[PDB]
file query.cif (mmCIF, C-alpha atoms)
data_my_file
loop_
_atom_site.label_atom_id
_atom_site.label_comp_id
_atom_site.auth_asym_id
_atom_site.auth_seq_id
_atom_site.Cartn_x
_atom_site.Cartn_y
_atom_site.Cartn_z
CA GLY A 1 119.80 -15.07 -143.99
CA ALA A 2 122.84 -12.80 -144.12
CA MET A 3 125.73 -14.94 -145.35
CA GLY A 4 128.30 -12.69 -146.99
CA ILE A 5 128.41 -9.40 -148.89
CA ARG A 6 131.10 -7.56 -150.84
CA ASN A 7 131.60 -4.23 -152.62
CA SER A 8 133.35 -2.56 -155.55
CA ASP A 9 134.96 0.74 -156.54
CA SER A 10 135.04 3.31 -159.34
CA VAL A 11 137.12 6.21 -160.65
CA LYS A 12 135.83 9.79 -160.76
CA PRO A 13 138.09 11.79 -163.11
CA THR A 14 137.53 15.34 -164.35
CA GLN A 15 136.36 15.93 -167.92
CA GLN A 16 133.62 17.51 -170.03
CA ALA A 17 131.15 14.68 -169.39
CA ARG A 18 129.61 15.90 -166.13
CA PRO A 19 129.04 13.17 -163.51
CA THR A 20 125.47 12.00 -162.96
CA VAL A 21 124.47 11.67 -159.30
CA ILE A 22 121.32 9.88 -158.17
CA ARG A 23 119.80 9.69 -154.69
CA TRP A 24 117.77 6.77 -153.35
CA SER A 25 115.22 6.69 -150.52
CA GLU A 26 113.81 3.54 -148.93
CA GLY A 27 115.98 2.27 -146.09
CA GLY A 28 117.59 -0.83 -147.56
CA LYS A 29 120.88 -2.51 -146.69
CA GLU A 30 122.26 -3.23 -150.17
CA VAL A 31 121.37 -0.92 -153.06
CA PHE A 32 122.67 -0.86 -156.63
CA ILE A 33 122.07 0.89 -159.95
CA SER A 34 122.08 -0.26 -163.57
CA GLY A 35 121.07 1.30 -166.88
CA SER A 36 121.93 1.87 -170.53
CA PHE A 37 124.92 3.85 -169.27
CA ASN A 38 126.56 0.57 -168.26
CA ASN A 39 124.94 -1.67 -170.87
CA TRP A 40 123.02 -3.20 -167.97
CA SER A 41 126.03 -5.48 -167.54
CA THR A 42 126.65 -5.35 -163.79
CA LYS A 43 125.06 -3.62 -160.80
CA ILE A 44 127.07 -0.67 -159.48
CA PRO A 45 126.96 -0.31 -155.68
CA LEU A 46 125.23 2.82 -154.39
CA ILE A 47 127.50 4.73 -152.02
CA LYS A 48 125.67 4.72 -148.68
CA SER A 49 125.62 8.19 -147.13
CA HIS A 50 124.76 9.42 -143.63
CA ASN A 51 121.27 10.36 -144.80
CA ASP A 52 120.53 7.95 -147.66
CA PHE A 53 122.06 6.05 -150.58
CA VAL A 54 123.70 7.91 -153.46
CA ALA A 55 125.67 6.99 -156.58
CA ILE A 56 127.79 9.22 -158.81
CA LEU A 57 128.14 7.84 -162.34
CA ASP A 58 129.98 9.28 -165.34
CA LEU A 59 127.61 10.23 -168.16
CA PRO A 60 128.19 12.39 -171.26
CA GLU A 61 125.16 14.61 -171.87
CA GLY A 62 121.61 14.00 -173.04
CA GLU A 63 119.36 11.18 -171.85
CA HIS A 64 120.07 7.82 -170.24
CA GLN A 65 118.03 5.05 -168.65
CA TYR A 66 118.57 3.42 -165.25
CA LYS A 67 116.96 1.27 -162.56
CA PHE A 68 117.31 0.82 -158.80
CA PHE A 69 118.21 -2.53 -157.24
CA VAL A 70 117.31 -3.17 -153.60
CA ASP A 71 117.32 -6.55 -151.87
CA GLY A 72 117.65 -8.25 -155.25
CA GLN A 73 114.36 -6.61 -156.19
CA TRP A 74 113.38 -3.97 -158.74
CA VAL A 75 111.97 -0.69 -157.42
CA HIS A 76 111.34 2.85 -158.64
CA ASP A 77 111.68 6.25 -156.97
CA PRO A 78 108.54 8.39 -156.47
CA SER A 79 110.69 11.52 -156.47
CA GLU A 80 112.28 10.70 -159.83
CA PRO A 81 110.61 10.17 -163.23
CA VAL A 82 109.60 6.63 -164.19
CA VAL A 83 109.15 5.08 -167.64
CA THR A 84 107.39 2.01 -169.04
CA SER A 85 109.32 -0.75 -170.81
CA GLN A 86 107.98 -3.02 -173.55
CA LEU A 87 107.42 -5.73 -170.93
CA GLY A 88 105.10 -3.50 -168.93
CA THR A 89 107.93 -3.09 -166.43
CA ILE A 90 108.40 0.24 -164.66
CA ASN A 91 111.81 1.87 -165.14
CA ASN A 92 113.65 5.11 -164.39
CA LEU A 93 114.86 7.85 -166.74
CA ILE A 94 117.71 10.28 -166.13
CA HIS A 95 118.94 13.31 -168.07
CA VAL A 96 122.35 15.00 -168.12
CA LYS A 97 123.06 18.61 -169.07
CA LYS A 98 126.43 19.91 -170.27
CA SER A 99 127.43 21.87 -167.17
CA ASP A 100 131.16 21.64 -167.87
CA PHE A 101 130.61 23.86 -170.91
CA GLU A 102 128.64 26.63 -169.19
CA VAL A 103 130.73 26.33 -166.03
CA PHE A 104 134.43 27.20 -166.14
CA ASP A 105 135.22 25.53 -162.82
#
call {"tool": "encode", "arguments": {"input": "query.cif", "output": "structure tokens"}}
result
Amino acid sequence: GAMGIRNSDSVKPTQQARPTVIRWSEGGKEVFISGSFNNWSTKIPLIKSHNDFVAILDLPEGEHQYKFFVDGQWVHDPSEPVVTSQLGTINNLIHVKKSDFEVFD
């Protein structure tokens, strides 16, 4: 039952906080991402590539949580690390390293 679907946008400036990119593999039509990096407020749309889905967020440096959203359903990636919430729900964990510091360009 495909009625109607929309999309959003996002800015990708250049600063110390290196951007966090995440790849998704499954073969879905609409994929999103949400974690502690966005206060789990809304679901950011995963930029669909020629190979698979990918999303480039803007994180500082350290450790942040996140979760995939496909077909209005929660799913985890076997290639990426998964965690366990207090509600026995499987989640995803992502880490960011200060590359802007070590790298000059």
call {"tool": "resolve_selection", "arguments": {"input": "query.cif", "expression": "the PyMOL selection byres ((chain A and resi 75) around 12)", "output": "list in words"}}
result
residues 24, 25, 26, 28, 31, 32, 33, 34, 66, 67, 68, 69, 70, 71, 72, 73, 74, 76, 77, 78, 80, 82, 89, 90, 91 and 92 of chain A
call {"tool": "resolve_selection", "arguments": {"input": "query.cif", "expression": "the PyMOL selection byres ((chain A and resi 60) around 8)", "output": "PyMOL selection string"}}
result
chain A and resi 16-19+58-59+61-62+96+98
call {"tool": "atom_distance", "arguments": {"input": "query.cif", "atom1": "CA of residue 64 in chain A", "atom2": "CA of residue 79 in chain A"}}
result
17.1 Å
call {"tool": "resolve_selection", "arguments": {"input": "query.cif", "expression": "the PyMOL selection byres ((chain A and resi 8-13) around 9)", "output": "PyMOL selection string"}}
result
chain A and resi 6-7+14-15+19+44-45+56-58
call {"tool": "atom_distance", "arguments": {"input": "query.cif", "atom1": "CA of residue 102 in chain A", "atom2": "CA of residue 38 in chain A"}}
result
26.2 Å
call {"tool": "atom_distance", "arguments": {"input": "query.cif", "atom1": "CA of residue 51 in chain A", "atom2": "CA of residue 23 in chain A"}}
result
10.0 Å
call {"tool": "axis_aligned_box", "arguments": {"input": "query.cif", "around": "range 51-56 of chain A", "padding_each_side": "3 Å", "output": "lines of an AutoDock Vina configuration file"}}
result
center_x = 124.2
center_y = 8.2
center_z = -151.8
size_x = 13.3
size_y = 10.3
size_z = 20.0
call {"tool": "residues_around", "arguments": {"input": "query.cif", "residues": "residue 48 in chain A", "least_positions_apart": "4", "cutoff": "9 Å", "atoms": "all atoms listed in the file", "output": "CSV table (one decimal) with C-alpha atoms, keeping the file's coordinate frame"}}
result
chain,number,residue,atom,x,y,z
A,29,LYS,CA,120.9,-2.5,-146.7
A,30,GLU,CA,122.3,-3.2,-150.2
A,31,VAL,CA,121.4,-0.9,-153.1
A,52,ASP,CA,120.5,8.0,-147.7
A,53,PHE,CA,122.1,6.0,-150.6
A,54,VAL,CA,123.7,7.9,-153.5
A,55,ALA,CA,125.7,7.0,-156.6
